[PDB]
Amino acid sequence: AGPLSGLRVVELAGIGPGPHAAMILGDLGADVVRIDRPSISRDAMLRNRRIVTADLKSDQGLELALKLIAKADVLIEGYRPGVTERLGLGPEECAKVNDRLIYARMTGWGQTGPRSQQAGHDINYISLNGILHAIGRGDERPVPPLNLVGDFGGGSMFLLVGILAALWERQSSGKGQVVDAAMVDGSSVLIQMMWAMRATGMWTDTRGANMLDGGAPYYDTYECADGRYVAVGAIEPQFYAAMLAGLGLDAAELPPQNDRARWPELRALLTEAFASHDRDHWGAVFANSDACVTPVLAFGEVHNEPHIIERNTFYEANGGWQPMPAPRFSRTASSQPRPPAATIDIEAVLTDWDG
């Protein structure tokens, strides 16, 4: 029902970014068929799928895969470079049966280069390009921002942009091509703002000492009386003033907002203020204000938040809450995701796809 209704996607089962990209395509209405190896999933990622099984190293498995690919718009693979090539499913082999195919290759290091054959995970890819070094408090070793930056923000999301951009190009050229989405590249573009700021003296390599990394007292979390937290993001002077107004602090008795030499003094004063009441008290104080103060909610509490409820950001499906499709479309709205279903026959899909 979403904007991608009619789009045919073959997904070769991997981990991390590949399945996340395939999920989003499915969320938006695409017809996604996932090929897994021999031997109902409880993994909520893998919603909006039809799952088939094939031994891609056997003659029969390779034949059935190529027949499926011959009728597809997009192929997603997330193995080491050379893996699909040795299987007989490389770009050159797929082009022989389908030159309209968008061949989307999801890796961390890319298709070539000295590390291209090296195993890795999110934390490794963001280590090499300056990102991981920049995350965390200054007095401690870097902390991983989960796998949000390599696998997803700079990974699957760039694969998706590539797939959809190539599909636009195809409307005029009539032909597909290969998309090389490397997490080391995508995450670098994701953090382009910092590279831009570094060039103009607006960002430093010192961890925890910048405007957006926790270094600024007006852009950080604060612990409240109940041991829970608020987030403060009051960058602009008018928003910062509203924050001080709600705390009841006289600006004339405080250091200037952007006098960095007195930031520890400013932070201590704000720390004392926020610590004087519980988290939910500050929700009441800052209601309908531009102070940029919000409660820091744990996953388990999210479903009780009015703004979350009223916009249906989540749906409840056997097990727990799951995020609804994003972004949203006014005319061709995405459906509530279909849960994981039982594995079906590969020939049944071919009959449906006319292959």
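The first residue of the sequence shown is number 1, and the count goes up from there. Take the two forms, superpose them, and find the largest set of C-alpha atoms that agree within 1.5 Å; that set is the rigid core.
So if we fit everything on the core, which stretch drifts more in 7 other deposited structures of this protein, 48-56 or 287-295, C-alphas only?
Between 48-56 and 287-295, the one lying farther away in 7 other deposited structures of this protein is 287-295.
Once everything is fitted on the core, do the CA positions of 278-286 or those of 218-226 lie farther from the shown form in 7 other deposited structures of this protein?
Looking at 218-226 and 278-286 in 7 other deposited structures of this protein, the bigger mover is 278-286.
Between residues given as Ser39 and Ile40, how many of the deposited sequence are not built: none, 1 to 3, 4 to 9, or 10 or more?
In the record, 4 to 9 residues between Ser39 and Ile40 lack coordinates.
Looking only at CA atoms, which has the higher mean B factor in the entry: 27-35 or 66-74?
It is 66-74 that shows the higher mean C-alpha B-factor.
Where do the C-alpha atoms have the higher mean temperature factor in this entry, in 259-267 or in 85-93?
It is 85-93.
According to the Cα B-factor stored in this entry, which of the following is highest: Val10, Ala21, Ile15, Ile346?
Among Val10, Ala21, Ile15, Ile346, the PDB entry lists the largest C-alpha B-factor for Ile346.
Going by the deposited entry, which of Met324, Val52, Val293, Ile309 has the highest CA temperature factor?
Comparing C-alpha B-factors across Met324, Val52, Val293, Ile309, the top value belongs to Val52.
Taking only the Cα B-factors deposited for this chain, tell me whether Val302 sits in the lowest, middle or highest third.
Within its chain, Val302 is a middle-third residue by C-alpha B-factor, going by the deposited values.
Sort the modelled residues of this chain by their C-alpha B factor and say whether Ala225 lands in the lowest, middle or highest third.
Its C-alpha B-factor, which the entry lists for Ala225, ranks in the middle third among residues of this chain.
Can you tell me whether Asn147 has a C-alpha B-factor in the lowest, middle or highest third compared with the other modelled residues of the same chain?
Lowest third.
Quick one: classify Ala182 as lowest, middle or highest third of the chain based on its Cα B-factor.
Its C-alpha B-factor belongs to the lowest third of this chain's values.
What third of the chain does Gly174 rank in for C-alpha temperature factor, lowest, middle or highest?
Highest third of the chain for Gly174's C-alpha B-factor.
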